[PDB]
Protein chains: 2
Amino acid sequence: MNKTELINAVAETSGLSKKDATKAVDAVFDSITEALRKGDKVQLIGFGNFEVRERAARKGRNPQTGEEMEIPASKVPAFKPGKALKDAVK
Amino acid sequence: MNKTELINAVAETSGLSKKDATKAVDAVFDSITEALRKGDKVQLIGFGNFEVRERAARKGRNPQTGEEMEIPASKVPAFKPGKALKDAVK
């Protein structure tokens with residue numbers, strides 16, 4: 001696919017519009033980027049469970065670094081195959 | 001989410017129907033499952049690149065599973081954050 005073969009899937013399976021299928025992809029995927037970016041779990045039953053991995057902020061202080069500070073986290077994005085896709089694909 | 005907080009995202013961002021947003025989720029996610037189950041790759045610009053990993057046939061011990069067995073193929077599902085989501089979420 002690419003993101004446009006996505007639009008022709010939606011509009012073939014449902015009978016919306018080509019403009020409504022372009023929006024509807026950036027309707028799923030716009031609410032998911034706001035889920036992972038804000039520390040929030042999504043959910044898709046029988047197919048996929050997305051969530052983020054916020055790493056544990058470290059300690060860099062004095063004999064190791066010089067200045068006292070906790071080294072910040074970062075959230076990492078992921079998609080589970082909901083278990084169910086792992087049976088579809090085996 | 002769950003799969004129904006999905007339907008209210010689509011129908012709020014686009015103005016389709018609640019029945020058209022339920023279909024349009026199992027429109028995108030029906031075409032990923034035809035990519036992943038059949039060997040094909042998906043594609044989404046600014047968000048993702050899903051693709052399956054077909055196992056390379058052997059007769060021996062421990063590639064994916066940690067057990068002694070006959071290996072001949074098995075497709076394993078994946079989702080890339082398109083690089084672009086990895087910048088959103090950092």
# chains A, B, ... in the order shown; residues from 1 in each chain; ligands from 1

$ residues_around --residues "segment 6-12 of chain B" --least-positions-apart "4" --cutoff "7 Å" --atoms "only C-alpha atoms" --output "count of residues only"
10

$ interface_residues --of "chain A" --to "chain B" --cutoff "7 Å" --atoms "only C-alpha atoms" --output "PyMOL selection string"
chain A and resi 1-3+6+9-10+13-14+20+23-24+27-28+31+33+36-37+41-45+74-77+79+81+86+88-90

$ write_last_selection --atoms "N, CA, C and O atoms" --output "tab-separated table (two decimals), in the first residue's frame"
chain	number	residue	atom	x	y	z
A	1	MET	N	0.84	-1.21	0.00
A	1	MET	CA	0.00	0.00	0.00
A	1	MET	C	0.90	1.29	0.00
A	1	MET	O	1.93	1.30	-0.68
A	2	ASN	N	0.50	2.38	0.69
A	2	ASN	CA	1.23	3.69	0.75
A	2	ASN	C	0.54	4.78	1.64
A	2	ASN	O	1.25	5.57	2.25
A	3	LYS	N	-0.80	4.78	1.64
A	3	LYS	CA	-1.74	5.76	2.29
A	3	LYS	C	-2.89	6.10	1.28
A	3	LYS	O	-3.98	6.44	1.75
A	6	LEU	N	-4.88	2.73	0.77
A	6	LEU	CA	-5.69	2.82	1.99
A	6	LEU	C	-7.07	3.46	1.67
A	6	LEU	O	-8.07	2.81	1.93
A	9	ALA	N	-9.29	1.18	-0.38
A	9	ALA	CA	-9.82	0.09	0.47
A	9	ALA	C	-11.11	0.46	1.23
A	9	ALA	O	-12.05	-0.33	1.29
A	10	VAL	N	-11.11	1.66	1.83
A	10	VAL	CA	-12.19	2.18	2.68
A	10	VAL	C	-13.45	2.46	1.92
A	10	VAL	O	-14.54	1.99	2.26
A	13	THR	N	-14.81	-1.08	0.56
A	13	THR	CA	-15.54	-1.84	1.63
A	13	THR	C	-16.79	-1.23	2.32
A	13	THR	O	-17.58	-1.94	2.96
A	14	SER	N	-16.94	0.08	2.20
A	14	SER	CA	-18.01	0.87	2.88
A	14	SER	C	-18.91	1.74	1.96
A	14	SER	O	-20.07	1.96	2.34
A	20	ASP	N	-13.85	11.33	2.02
A	20	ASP	CA	-14.17	10.76	3.37
A	20	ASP	C	-13.24	9.59	3.82
A	20	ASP	O	-13.00	9.47	5.02
A	23	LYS	N	-9.67	11.33	4.93
A	23	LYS	CA	-9.97	11.83	6.29
A	23	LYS	C	-10.05	10.74	7.38
A	23	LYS	O	-9.45	10.90	8.43
A	24	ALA	N	-10.83	9.68	7.11
A	24	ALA	CA	-11.07	8.54	8.01
A	24	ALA	C	-9.83	7.71	8.42
A	24	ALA	O	-9.77	7.23	9.55
A	27	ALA	N	-8.11	10.02	10.79
A	27	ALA	CA	-9.15	10.05	11.84
A	27	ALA	C	-8.85	8.94	12.87
A	27	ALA	O	-8.84	9.20	14.08
A	28	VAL	N	-8.57	7.70	12.38
A	28	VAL	CA	-7.98	6.61	13.18
A	28	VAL	C	-6.59	7.12	13.68
A	28	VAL	O	-6.49	7.55	14.83
A	31	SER	N	-5.98	10.32	16.10
A	31	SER	CA	-6.29	9.99	17.52
A	31	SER	C	-5.25	9.02	18.19
A	31	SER	O	-5.07	9.09	19.41
A	33	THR	N	-1.70	8.76	17.26
A	33	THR	CA	-0.53	9.66	17.53
A	33	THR	C	-0.74	10.60	18.74
A	33	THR	O	0.22	10.82	19.46
A	36	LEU	N	-0.32	7.76	21.81
A	36	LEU	CA	1.11	7.50	22.10
A	36	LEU	C	1.89	8.75	22.51
A	36	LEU	O	2.61	8.69	23.51
A	37	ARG	N	1.70	9.89	21.81
A	37	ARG	CA	2.34	11.14	22.23
A	37	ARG	C	1.96	11.61	23.67
A	37	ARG	O	2.83	12.17	24.35
A	41	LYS	N	-3.00	4.44	26.03
A	41	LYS	CA	-3.23	3.17	25.30
A	41	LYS	C	-4.45	3.37	24.36
A	41	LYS	O	-5.46	4.00	24.70
A	42	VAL	N	-4.37	2.74	23.19
A	42	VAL	CA	-5.39	2.78	22.15
A	42	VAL	C	-6.27	1.51	22.45
A	42	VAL	O	-6.60	1.23	23.60
A	43	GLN	N	-6.76	0.87	21.39
A	43	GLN	CA	-7.35	-0.49	21.39
A	43	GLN	C	-8.13	-0.82	20.08
A	43	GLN	O	-8.88	0.01	19.57
A	44	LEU	N	-7.93	-2.05	19.56
A	44	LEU	CA	-8.57	-2.58	18.33
A	44	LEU	C	-8.84	-4.07	18.71
A	44	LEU	O	-7.89	-4.87	18.80
A	45	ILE	N	-10.10	-4.47	18.96
A	45	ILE	CA	-10.43	-5.86	19.40
A	45	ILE	C	-10.35	-6.86	18.20
A	45	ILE	O	-10.71	-6.55	17.06
A	74	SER	N	11.95	8.94	27.46
A	74	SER	CA	11.35	9.04	26.12
A	74	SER	C	10.35	7.88	25.85
A	74	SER	O	10.65	6.71	26.08
A	75	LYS	N	9.18	8.25	25.30
A	75	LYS	CA	8.08	7.30	24.98
A	75	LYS	C	8.33	6.67	23.58
A	75	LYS	O	8.58	7.40	22.61
A	76	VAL	N	8.21	5.34	23.46
A	76	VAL	CA	8.57	4.58	22.26
A	76	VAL	C	7.23	3.92	21.76
A	76	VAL	O	6.60	3.19	22.52
A	77	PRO	N	6.80	4.09	20.49
A	77	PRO	CA	5.51	3.55	20.00
A	77	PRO	C	5.59	2.09	19.52
A	77	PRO	O	6.55	1.63	18.90
A	79	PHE	N	2.76	-1.53	18.57
A	79	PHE	CA	1.49	-2.14	18.10
A	79	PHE	C	1.68	-3.66	18.39
A	79	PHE	O	2.57	-4.34	17.87
A	81	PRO	N	-0.15	-7.47	17.85
A	81	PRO	CA	-1.12	-8.06	16.89
A	81	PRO	C	-2.44	-8.56	17.59
A	81	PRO	O	-3.04	-9.53	17.14
A	86	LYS	N	-1.89	-12.63	15.40
A	86	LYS	CA	-0.89	-13.73	15.55
A	86	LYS	C	-1.40	-15.18	15.21
A	86	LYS	O	-0.60	-16.03	14.84
A	88	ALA	N	-4.27	-15.42	12.75
A	88	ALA	CA	-4.46	-15.16	11.29
A	88	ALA	C	-3.23	-15.38	10.36
A	88	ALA	O	-3.35	-15.82	9.22
A	89	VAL	N	-2.05	-15.03	10.90
A	89	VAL	CA	-0.78	-14.90	10.17
A	89	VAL	C	0.22	-16.10	10.27
A	89	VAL	O	1.17	-16.14	9.50
A	90	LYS	N	0.00	-17.03	11.22
A	90	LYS	CA	0.92	-18.15	11.54
A	90	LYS	C	1.16	-19.14	10.38
A	90	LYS	O	2.16	-19.05	9.66

$ atom_distance --atom1 "atom CA of residue 72 of chain A" --atom2 "atom CA of residue 56 of chain A"
8.0 Å

$ select_by_dssp --residues "chain A" --states "alpha helix (DSSP H)" --output "ChimeraX atom specification"
/A:4-14,18-37,84-88

$ write_last_selection --atoms "N, CA and C atoms" --output "tab-separated table (two decimals), in the first residue's frame"
chain	number	residue	atom	x	y	z
A	4	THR	N	-2.70	6.03	-0.05
A	4	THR	CA	-3.73	6.19	-1.06
A	4	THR	C	-4.39	4.83	-1.43
A	5	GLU	N	-3.63	3.71	-1.54
A	5	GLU	CA	-4.25	2.35	-1.61
A	5	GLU	C	-5.15	2.02	-0.35
A	6	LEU	N	-4.88	2.73	0.77
A	6	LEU	CA	-5.69	2.82	1.99
A	6	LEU	C	-7.07	3.46	1.67
A	7	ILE	N	-7.11	4.67	1.05
A	7	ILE	CA	-8.35	5.39	0.63
A	7	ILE	C	-9.28	4.52	-0.27
A	8	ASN	N	-8.72	3.90	-1.32
A	8	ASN	CA	-9.47	2.95	-2.19
A	8	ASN	C	-9.95	1.64	-1.47
A	9	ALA	N	-9.29	1.18	-0.38
A	9	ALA	CA	-9.82	0.09	0.47
A	9	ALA	C	-11.11	0.46	1.23
A	10	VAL	N	-11.11	1.66	1.83
A	10	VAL	CA	-12.19	2.18	2.68
A	10	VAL	C	-13.45	2.46	1.92
A	11	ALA	N	-13.24	3.24	0.86
A	11	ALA	CA	-14.30	3.54	-0.09
A	11	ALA	C	-14.84	2.33	-0.91
A	12	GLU	N	-14.05	1.25	-1.12
A	12	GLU	CA	-14.57	-0.01	-1.71
A	12	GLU	C	-15.36	-0.84	-0.66
A	13	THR	N	-14.81	-1.08	0.56
A	13	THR	CA	-15.54	-1.84	1.63
A	13	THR	C	-16.79	-1.23	2.32
A	14	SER	N	-16.94	0.08	2.20
A	14	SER	CA	-18.01	0.87	2.88
A	14	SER	C	-18.91	1.74	1.96
A	18	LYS	N	-14.10	9.17	-1.62
A	18	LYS	CA	-12.60	9.18	-1.67
A	18	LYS	C	-12.03	10.26	-0.70
A	19	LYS	N	-12.60	11.49	-0.70
A	19	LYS	CA	-12.33	12.52	0.34
A	19	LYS	C	-12.71	12.04	1.79
A	20	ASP	N	-13.85	11.33	2.02
A	20	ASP	CA	-14.17	10.76	3.37
A	20	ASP	C	-13.24	9.59	3.82
A	21	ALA	N	-12.74	8.76	2.90
A	21	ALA	CA	-11.75	7.69	3.19
A	21	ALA	C	-10.32	8.21	3.51
A	22	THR	N	-9.85	9.30	2.85
A	22	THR	CA	-8.59	10.02	3.17
A	22	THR	C	-8.59	10.61	4.61
A	23	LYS	N	-9.67	11.33	4.93
A	23	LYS	CA	-9.97	11.83	6.29
A	23	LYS	C	-10.05	10.74	7.38
A	24	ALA	N	-10.83	9.68	7.11
A	24	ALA	CA	-11.07	8.54	8.01
A	24	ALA	C	-9.83	7.71	8.42
A	25	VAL	N	-8.85	7.55	7.52
A	25	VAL	CA	-7.47	7.08	7.83
A	25	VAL	C	-6.81	8.12	8.80
A	26	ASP	N	-6.69	9.41	8.42
A	26	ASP	CA	-6.22	10.50	9.35
A	26	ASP	C	-7.27	10.98	10.44
A	27	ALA	N	-8.11	10.02	10.79
A	27	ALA	CA	-9.15	10.05	11.84
A	27	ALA	C	-8.85	8.94	12.87
A	28	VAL	N	-8.57	7.70	12.38
A	28	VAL	CA	-7.98	6.61	13.18
A	28	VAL	C	-6.59	7.12	13.68
A	29	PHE	N	-5.64	7.18	12.73
A	29	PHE	CA	-4.21	7.52	12.90
A	29	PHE	C	-3.88	8.91	13.48
A	30	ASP	N	-4.83	9.88	13.48
A	30	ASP	CA	-4.64	11.17	14.21
A	30	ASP	C	-4.92	11.07	15.74
A	31	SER	N	-5.98	10.32	16.10
A	31	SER	CA	-6.29	9.99	17.52
A	31	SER	C	-5.25	9.02	18.19
A	32	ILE	N	-4.56	8.14	17.42
A	32	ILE	CA	-3.51	7.20	17.89
A	32	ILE	C	-2.19	7.93	18.19
A	33	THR	N	-1.70	8.76	17.26
A	33	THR	CA	-0.53	9.66	17.53
A	33	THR	C	-0.74	10.60	18.74
A	34	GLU	N	-1.96	11.10	18.97
A	34	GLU	CA	-2.32	11.80	20.23
A	34	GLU	C	-2.39	10.82	21.44
A	35	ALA	N	-2.75	9.51	21.27
A	35	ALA	CA	-2.66	8.50	22.34
A	35	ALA	C	-1.18	8.25	22.73
A	36	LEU	N	-0.32	7.76	21.81
A	36	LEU	CA	1.11	7.50	22.10
A	36	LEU	C	1.89	8.75	22.51
A	37	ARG	N	1.70	9.89	21.81
A	37	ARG	CA	2.34	11.14	22.23
A	37	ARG	C	1.96	11.61	23.67
A	84	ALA	N	-4.90	-12.33	18.36
A	84	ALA	CA	-5.80	-12.69	17.26
A	84	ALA	C	-5.23	-12.60	15.83
A	85	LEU	N	-4.57	-11.47	15.46
A	85	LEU	CA	-3.77	-11.40	14.22
A	85	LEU	C	-2.61	-12.45	14.27
A	86	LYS	N	-1.89	-12.63	15.40
A	86	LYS	CA	-0.89	-13.73	15.55
A	86	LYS	C	-1.40	-15.18	15.21
A	87	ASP	N	-2.73	-15.42	15.29
A	87	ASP	CA	-3.40	-16.64	14.78
A	87	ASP	C	-3.74	-16.57	13.25
A	88	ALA	N	-4.27	-15.42	12.75
A	88	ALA	CA	-4.46	-15.16	11.29
A	88	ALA	C	-3.23	-15.38	10.36

$ atom_distance --atom1 "atom CA of residue 83 of chain B" --atom2 "atom CA of residue 55 of chain A"
18.5 Å

$ select_by_dssp --residues "segment 17-81 of chain A" --states "strand (DSSP E or B)" --output "mmCIF file with N, CA and C atoms, in the first residue's frame"
data_model
loop_
_atom_site.group_PDB
_atom_site.id
_atom_site.type_symbol
_atom_site.label_atom_id
_atom_site.label_comp_id
_atom_site.auth_asym_id
_atom_site.auth_seq_id
_atom_site.Cartn_x
_atom_site.Cartn_y
_atom_site.Cartn_z
ATOM 1 N N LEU A 44 -7.928 -2.049 19.560
ATOM 2 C CA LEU A 44 -8.568 -2.579 18.329
ATOM 3 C C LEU A 44 -8.837 -4.070 18.712
ATOM 4 N N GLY A 48 -5.381 -5.738 17.148
ATOM 5 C CA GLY A 48 -4.214 -4.947 17.571
ATOM 6 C C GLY A 48 -4.403 -4.061 18.802
ATOM 7 N N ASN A 49 -3.383 -3.995 19.668
ATOM 8 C CA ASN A 49 -3.432 -3.166 20.903
ATOM 9 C C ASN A 49 -2.150 -2.288 20.924
ATOM 10 N N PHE A 50 -2.259 -0.994 20.552
ATOM 11 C CA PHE A 50 -1.092 -0.069 20.582
ATOM 12 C C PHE A 50 -0.906 0.524 21.995
ATOM 13 N N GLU A 51 0.371 0.736 22.338
ATOM 14 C CA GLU A 51 0.746 1.521 23.529
ATOM 15 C C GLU A 51 2.220 1.972 23.455
ATOM 16 N N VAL A 52 2.576 2.941 24.312
ATOM 17 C CA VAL A 52 3.909 3.549 24.336
ATOM 18 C C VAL A 52 4.787 2.930 25.477
ATOM 19 N N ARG A 53 6.120 3.053 25.338
ATOM 20 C CA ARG A 53 7.083 2.548 26.353
ATOM 21 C C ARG A 53 7.908 3.762 26.837
ATOM 22 N N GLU A 54 7.480 4.368 27.959
ATOM 23 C CA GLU A 54 8.201 5.510 28.578
ATOM 24 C C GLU A 54 9.362 4.952 29.440
ATOM 25 N N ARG A 58 17.108 8.592 34.062
ATOM 26 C CA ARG A 58 18.321 8.160 34.784
ATOM 27 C C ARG A 58 18.799 9.207 35.844
ATOM 28 N N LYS A 59 20.017 9.026 36.385
ATOM 29 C CA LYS A 59 20.649 9.992 37.320
ATOM 30 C C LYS A 59 22.108 10.213 36.840
ATOM 31 N N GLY A 60 22.415 11.455 36.439
ATOM 32 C CA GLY A 60 23.771 11.851 36.009
ATOM 33 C C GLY A 60 24.177 12.976 36.959
ATOM 34 N N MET A 69 21.623 16.290 37.908
ATOM 35 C CA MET A 69 20.351 16.317 37.131
ATOM 36 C C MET A 69 19.849 14.882 36.826
ATOM 37 N N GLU A 70 18.516 14.695 36.858
ATOM 38 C CA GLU A 70 17.870 13.438 36.406
ATOM 39 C C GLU A 70 17.752 13.504 34.853
ATOM 40 N N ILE A 71 18.308 12.500 34.152
ATOM 41 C CA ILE A 71 18.382 12.461 32.672
ATOM 42 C C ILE A 71 16.950 12.099 32.131
ATOM 43 N N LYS A 75 9.176 8.251 25.302
ATOM 44 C CA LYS A 75 8.076 7.297 24.976
ATOM 45 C C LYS A 75 8.328 6.673 23.575
ATOM 46 N N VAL A 76 8.213 5.335 23.455
ATOM 47 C CA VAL A 76 8.565 4.576 22.261
ATOM 48 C C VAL A 76 7.231 3.923 21.758
ATOM 49 N N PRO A 77 6.797 4.089 20.493
ATOM 50 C CA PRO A 77 5.511 3.547 20.004
ATOM 51 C C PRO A 77 5.586 2.088 19.522
ATOM 52 N N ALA A 78 4.488 1.404 19.840
ATOM 53 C CA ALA A 78 4.336 -0.031 19.590
ATOM 54 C C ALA A 78 2.872 -0.375 19.214
ATOM 55 N N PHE A 79 2.764 -1.533 18.566
ATOM 56 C CA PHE A 79 1.490 -2.136 18.099
ATOM 57 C C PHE A 79 1.677 -3.656 18.389
ATOM 58 N N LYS A 80 0.755 -4.150 19.200
ATOM 59 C CA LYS A 80 0.562 -5.614 19.452
ATOM 60 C C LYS A 80 -0.293 -6.187 18.292
#

$ decode --residues "segment 35-60 of chain A" --atoms "N, CA, C and O atoms" --output "mmCIF file, in the first residue's frame"
data_model
loop_
_atom_site.group_PDB
_atom_site.id
_atom_site.type_symbol
_atom_site.label_atom_id
_atom_site.label_comp_id
_atom_site.auth_asym_id
_atom_site.auth_seq_id
_atom_site.Cartn_x
_atom_site.Cartn_y
_atom_site.Cartn_z
ATOM 1 N N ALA A 35 -2.746 9.515 21.267
ATOM 2 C CA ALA A 35 -2.656 8.503 22.344
ATOM 3 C C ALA A 35 -1.183 8.247 22.730
ATOM 4 O O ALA A 35 -0.815 8.566 23.859
ATOM 5 N N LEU A 36 -0.324 7.761 21.809
ATOM 6 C CA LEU A 36 1.106 7.498 22.100
ATOM 7 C C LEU A 36 1.890 8.749 22.510
ATOM 8 O O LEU A 36 2.611 8.693 23.511
ATOM 9 N N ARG A 37 1.701 9.888 21.812
ATOM 10 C CA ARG A 37 2.344 11.144 22.226
ATOM 11 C C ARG A 37 1.963 11.610 23.674
ATOM 12 O O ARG A 37 2.829 12.170 24.351
ATOM 13 N N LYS A 38 0.703 11.389 24.132
ATOM 14 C CA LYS A 38 0.267 11.820 25.492
ATOM 15 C C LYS A 38 0.384 10.727 26.615
ATOM 16 O O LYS A 38 -0.131 10.948 27.718
ATOM 17 N N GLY A 39 1.059 9.580 26.385
ATOM 18 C CA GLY A 39 1.098 8.454 27.357
ATOM 19 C C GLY A 39 -0.250 7.705 27.548
ATOM 20 O O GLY A 39 -0.659 7.452 28.684
ATOM 21 N N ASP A 40 -0.911 7.362 26.428
ATOM 22 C CA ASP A 40 -2.255 6.726 26.408
ATOM 23 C C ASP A 40 -2.275 5.457 25.525
ATOM 24 O O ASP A 40 -1.683 5.401 24.442
ATOM 25 N N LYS A 41 -2.995 4.436 26.029
ATOM 26 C CA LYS A 41 -3.229 3.170 25.298
ATOM 27 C C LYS A 41 -4.447 3.374 24.359
ATOM 28 O O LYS A 41 -5.456 4.003 24.704
ATOM 29 N N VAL A 42 -4.365 2.739 23.188
ATOM 30 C CA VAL A 42 -5.392 2.778 22.147
ATOM 31 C C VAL A 42 -6.267 1.512 22.447
ATOM 32 O O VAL A 42 -6.604 1.231 23.603
ATOM 33 N N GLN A 43 -6.758 0.872 21.391
ATOM 34 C CA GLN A 43 -7.353 -0.488 21.386
ATOM 35 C C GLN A 43 -8.133 -0.821 20.081
ATOM 36 O O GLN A 43 -8.884 0.013 19.567
ATOM 37 N N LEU A 44 -7.928 -2.049 19.560
ATOM 38 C CA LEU A 44 -8.568 -2.579 18.329
ATOM 39 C C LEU A 44 -8.837 -4.070 18.712
ATOM 40 O O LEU A 44 -7.892 -4.865 18.805
ATOM 41 N N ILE A 45 -10.100 -4.469 18.958
ATOM 42 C CA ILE A 45 -10.435 -5.856 19.398
ATOM 43 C C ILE A 45 -10.346 -6.859 18.203
ATOM 44 O O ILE A 45 -10.714 -6.553 17.062
ATOM 45 N N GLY A 46 -9.818 -8.051 18.509
ATOM 46 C CA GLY A 46 -9.542 -9.101 17.494
ATOM 47 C C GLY A 46 -8.459 -8.814 16.410
ATOM 48 O O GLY A 46 -8.463 -9.492 15.378
ATOM 49 N N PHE A 47 -7.534 -7.856 16.643
ATOM 50 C CA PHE A 47 -6.545 -7.405 15.644
ATOM 51 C C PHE A 47 -5.272 -6.712 16.218
ATOM 52 O O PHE A 47 -4.190 -7.004 15.698
ATOM 53 N N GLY A 48 -5.381 -5.738 17.148
ATOM 54 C CA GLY A 48 -4.214 -4.947 17.571
ATOM 55 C C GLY A 48 -4.403 -4.061 18.802
ATOM 56 O O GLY A 48 -5.435 -3.414 18.949
ATOM 57 N N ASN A 49 -3.383 -3.995 19.668
ATOM 58 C CA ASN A 49 -3.432 -3.166 20.903
ATOM 59 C C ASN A 49 -2.150 -2.288 20.924
ATOM 60 O O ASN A 49 -1.069 -2.776 21.268
ATOM 61 N N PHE A 50 -2.259 -0.994 20.552
ATOM 62 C CA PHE A 50 -1.092 -0.069 20.582
ATOM 63 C C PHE A 50 -0.906 0.524 21.995
ATOM 64 O O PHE A 50 -1.873 0.856 22.695
ATOM 65 N N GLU A 51 0.371 0.736 22.338
ATOM 66 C CA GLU A 51 0.746 1.521 23.529
ATOM 67 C C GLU A 51 2.220 1.972 23.455
ATOM 68 O O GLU A 51 3.026 1.463 22.669
ATOM 69 N N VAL A 52 2.576 2.941 24.312
ATOM 70 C CA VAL A 52 3.909 3.549 24.336
ATOM 71 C C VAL A 52 4.787 2.930 25.477
ATOM 72 O O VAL A 52 4.269 2.390 26.464
ATOM 73 N N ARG A 53 6.120 3.053 25.338
ATOM 74 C CA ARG A 53 7.083 2.548 26.353
ATOM 75 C C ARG A 53 7.908 3.762 26.837
ATOM 76 O O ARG A 53 8.918 4.129 26.227
ATOM 77 N N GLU A 54 7.480 4.368 27.959
ATOM 78 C CA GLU A 54 8.201 5.510 28.578
ATOM 79 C C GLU A 54 9.362 4.952 29.440
ATOM 80 O O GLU A 54 9.133 4.335 30.485
ATOM 81 N N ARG A 55 10.609 5.145 28.962
ATOM 82 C CA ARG A 55 11.825 4.641 29.660
ATOM 83 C C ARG A 55 12.066 5.369 31.014
ATOM 84 O O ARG A 55 11.661 6.522 31.207
ATOM 85 N N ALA A 56 12.738 4.672 31.941
ATOM 86 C CA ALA A 56 13.001 5.204 33.295
ATOM 87 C C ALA A 56 14.146 6.250 33.299
ATOM 88 O O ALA A 56 15.324 5.891 33.183
ATOM 89 N N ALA A 57 13.768 7.541 33.439
ATOM 90 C CA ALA A 57 14.723 8.681 33.563
ATOM 91 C C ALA A 57 15.870 8.446 34.571
ATOM 92 O O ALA A 57 15.640 8.103 35.736
ATOM 93 N N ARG A 58 17.108 8.592 34.062
ATOM 94 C CA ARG A 58 18.321 8.160 34.784
ATOM 95 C C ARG A 58 18.799 9.207 35.844
ATOM 96 O O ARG A 58 18.063 10.132 36.201
ATOM 97 N N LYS A 59 20.017 9.026 36.385
ATOM 98 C CA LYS A 59 20.649 9.992 37.320
ATOM 99 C C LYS A 59 22.108 10.213 36.840
ATOM 100 O O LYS A 59 22.919 9.280 36.813
ATOM 101 N N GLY A 60 22.415 11.455 36.439
ATOM 102 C CA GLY A 60 23.771 11.851 36.009
ATOM 103 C C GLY A 60 24.177 12.976 36.959
ATOM 104 O O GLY A 60 23.636 14.083 36.893
#
